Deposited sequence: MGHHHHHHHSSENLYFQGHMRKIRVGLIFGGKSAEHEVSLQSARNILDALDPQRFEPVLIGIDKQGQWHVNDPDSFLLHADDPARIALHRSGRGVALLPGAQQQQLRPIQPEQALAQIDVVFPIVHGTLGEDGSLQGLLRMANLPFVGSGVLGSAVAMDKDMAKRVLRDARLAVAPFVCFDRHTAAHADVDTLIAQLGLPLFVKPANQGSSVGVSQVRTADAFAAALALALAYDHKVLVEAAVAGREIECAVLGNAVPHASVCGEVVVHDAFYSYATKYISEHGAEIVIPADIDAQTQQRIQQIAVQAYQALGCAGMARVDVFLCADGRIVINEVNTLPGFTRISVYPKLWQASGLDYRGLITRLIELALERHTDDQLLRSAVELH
């Protein structure tokens, strides 16, 4: 009757601690009429630990020291299994809410594990996560959908044969140098600082984007839904200001763009879309993020709060969307001969 929600959190990530705080907040807001929580923390070495709600954190109330209780109660996954798919090394989960920051948590890999275990789960599936996480691929698909993105060139080790001059002629200055995996970012103000930015970024990814500058205000907008996505009110990064000080017509066209970008990349459940709003009213997509923050101070939930969707209720909707997707997939999977 109650649904069992497996919260998987942590990750090998600079944002590890953000995932800890999010898990705590989700746990406090989970509608206890409907959901029972099961907790799986992933430490900074990538090891999985089951915990109880009341002892999953060390120094919970100290932001500078908060950490995962590495209980050493390990987890096995049974691929192809239809029940008890998550097994203790040495509770049945009905839906997974993954908030694992870092490459594997965000890039479709964990999502693929969850599919292989036949687990419903919150957020974008394999494709949507993989595409959004790879900033090179995400921009090519956005571009093809006729949405505006910063002009850019993408390099790998084998082509980084980079001519700073041709780059400046095409893209200008300053240039933003980014590893394609959504640290290693640099604002290159002069042609001479480029070489080093290129080199730093390539320590983090096999692919590095070089982007022209976009002049404009930074507006962020929350999307929720599967096939019929909805958009929150906008927020302006000034340090966030909700609702953004922009007219109705402008908010509406950013909302519409956010939904369209989301559909193009094949997102589901949730994304935060970050755009630039230029002086002439052009809207340029900076980033589509399939794993927003879920702390009480994170932008994504505050954007929905300001749109009349409360935190408990956001969480409940994300779970319902995960179950909806799963049951629809169920029929199509079962159509194979």
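Missing from the model, by position in the deposited sequence, are residues 1-20, 111-115, 186, 209-211, 268-285, 385-386.
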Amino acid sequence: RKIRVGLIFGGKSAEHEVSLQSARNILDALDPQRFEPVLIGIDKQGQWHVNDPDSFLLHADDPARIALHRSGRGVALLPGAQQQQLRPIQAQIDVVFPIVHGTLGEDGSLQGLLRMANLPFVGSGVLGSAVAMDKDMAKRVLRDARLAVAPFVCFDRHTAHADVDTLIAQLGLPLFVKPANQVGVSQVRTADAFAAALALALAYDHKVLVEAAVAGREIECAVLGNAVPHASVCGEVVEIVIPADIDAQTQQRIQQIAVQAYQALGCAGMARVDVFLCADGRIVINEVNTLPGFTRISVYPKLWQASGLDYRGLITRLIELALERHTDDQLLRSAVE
From here on, numbers count along this sequence of modelled residues.
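The PDB entry reports B-factors from which the mean C-alpha value can be compared for 252-260 and 151-159; the larger average falls on 151-159. On average the C-alpha atoms of 163-171 have higher B-factors than those of the other stretch, with 163-171 and 103-111 being the two compared.
In this entry, the residue among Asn181, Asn118, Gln84, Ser124 with the greatest C-alpha B factor is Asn181. Among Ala212, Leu209, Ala222, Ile240, the highest C-alpha B-factor in the deposited entry belongs to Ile240. Remark: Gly266 belongs to the lowest third of its chain, ranked by C-alpha B-factor as recorded. The deposited CA B-factor of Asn289 belongs to the lowest third of values across its chain. Ranked against the other modelled residues of its chain, the C-alpha B-factor of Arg317 as given in the entry falls in the lowest third. Per the deposited record, the Cα B-factor of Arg272 falls in the lowest third when ranked against the other modelled residues of its chain. Split the chain's modelled residues into thirds by C-alpha temperature factor. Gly74 is in the middle one.
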